[PDB]
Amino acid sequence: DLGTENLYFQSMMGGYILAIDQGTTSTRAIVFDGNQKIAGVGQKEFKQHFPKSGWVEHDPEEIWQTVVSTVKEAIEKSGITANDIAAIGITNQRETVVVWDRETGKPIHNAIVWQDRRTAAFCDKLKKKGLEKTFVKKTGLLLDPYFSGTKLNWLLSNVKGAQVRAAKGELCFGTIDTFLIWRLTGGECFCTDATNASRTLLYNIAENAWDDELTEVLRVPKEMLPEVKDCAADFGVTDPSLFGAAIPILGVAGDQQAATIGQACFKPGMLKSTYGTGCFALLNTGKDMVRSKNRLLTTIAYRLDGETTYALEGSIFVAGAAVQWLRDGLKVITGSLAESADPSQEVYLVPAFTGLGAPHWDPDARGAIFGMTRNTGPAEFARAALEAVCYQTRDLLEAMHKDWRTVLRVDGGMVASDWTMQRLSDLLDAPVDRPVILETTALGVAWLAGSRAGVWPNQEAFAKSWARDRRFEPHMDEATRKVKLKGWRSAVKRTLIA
């Protein structure tokens, strides 16, 4: 062919997999090649809406556009076409609720984010009425505003027309995964996975089914609820208009469970912790649903060909969001800065901005800084912020120890920081494993899709393939350690007390 005589072109590669990671504060799309390597990434923020202190909302059209654009972006940066994608995986910030019209797909309201605290009062009504018991028992969760069920009650009760249209069978409820699936397939598929369903307060974690009593209690019509599947299942096929190709959606799991999968935490006792705006630690607990006595959540780690693997989770609401406060709020300014702090000074930050999660579950606790001195500056605030990440992880793990009887795996952008992870090993007095790919949440769901599509290896292969970048080891003087640990316990008490 004239003139391809001296013309160079690259062909193909095979086994490409697209993971969409619809996060709290941005959306990412990653293409993984047939070697499970990252080929191309799109990333894009969307607006955080705060209509009142403690209230948090996303525009779901904006989240939608962010998925469309981020996808196109990763594919182009990958040097391929949408037609080269064997399959898609979806993960998502959990608990976040969207309600939308089953016919037009128009949401009736902004998405109410997992961070949102607006139903505190309604959760108190239910608690006083003797109700937390069945929820805890059925669900593994608590009657806190964190979960979906309470937020969905709020939309049905406060958006005009909502309760009515819902009862007619005209509205769809979804966590963010269901919202994406619905839109990717152009309305064809109305579904979630067991892990996202776990998080709603509506689902029975033992029966693997929407729970009649809980839905009745919250006055949610069973109709509005999507079908619940395994994490690797058939979630439909991409609407061909969106990317110019029909791609099967084959992997879906909540972001913290996707990271759990991506860190190969498949066996009982294995544990991971993801560091983002919040921090979320999950312990693989095997076939058994461990009921915590130490203020942890019981949840579904994943459900795989009909089989549910369970987990214990600690959920820290403010982790990275603290340094984000330092940098954008106070603008007082990060491990670089933090290593420069005066050791003589003892400053603690308890970032209880709108309450405290595990293991405290104190929705009335507020932000507090301690131990300031006439000289304390940015450096020490910055240290207090990163150390608060450490100390809260610690308290999660100590609670896990009391619930269960094996080296901490760690991911999220925050951990590329050698100073922070070293400081983490120290305070834990335990070793810390940091992987080669930190985007563990994307890979976990990319694996689930890959493995079902058959272009990627099975569970045990993927598991032994887990690649360590770095084991951190504790190298802090014990005396020093005692001092740091005692100062934090005293910061905590001062923050929790009436």
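From 1 onward, residues are counted along the sequence shown.
Missing from the model but present in the deposited sequence, between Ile333 and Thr334
4 to 9 residues are missing.
How many residues that are in the deposited sequence but not in the model lie between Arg405 and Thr406: none, 1 to 3, 4 to 9, or 10 or more?
Per the record, 4 to 9 deposited residues are absent between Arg405 and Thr406.
Comparing 323-331 with 346-354, where is the mean C-alpha B-factor higher?
323-331 has the higher mean C-alpha B-factor.
Mean C-alpha B factor from the entry: is it higher for 63-71 or for 30-38?
Higher of the two, by average CA B-factor, is 30-38.
Highest Cα temperature factor in the entry, among the options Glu216, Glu95, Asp116, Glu313: which one is it?
So the option with the highest C-alpha B-factor is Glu216.
Going by the CA temperature factor in the entry, name the top one among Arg366, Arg183, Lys229, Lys129.
It is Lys129.
By the record's CA B-factor, is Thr480 among the lowest, middle or highest third of residues in the chain?
Top third by C-alpha B-factor.
Grab the CA temperature factor for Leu496 from the record and place it in the lowest, middle or highest third of its chain.
CA B-factor rank for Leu496: middle third.
Where the record places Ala446 (Cα B-factor, split into thirds across the chain):
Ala446: CA B-factor falls in the middle third of its chain.
Where does the C-alpha B-factor of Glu45 rank in its chain, lowest, middle or highest third?
Middle third of the chain for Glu45's C-alpha B-factor.
Just say lowest, middle or highest third for the CA B-factor of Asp418 relative to the other modelled residues in its chain.
It belongs to the highest third of the chain when residues are ordered by C-alpha B-factor.
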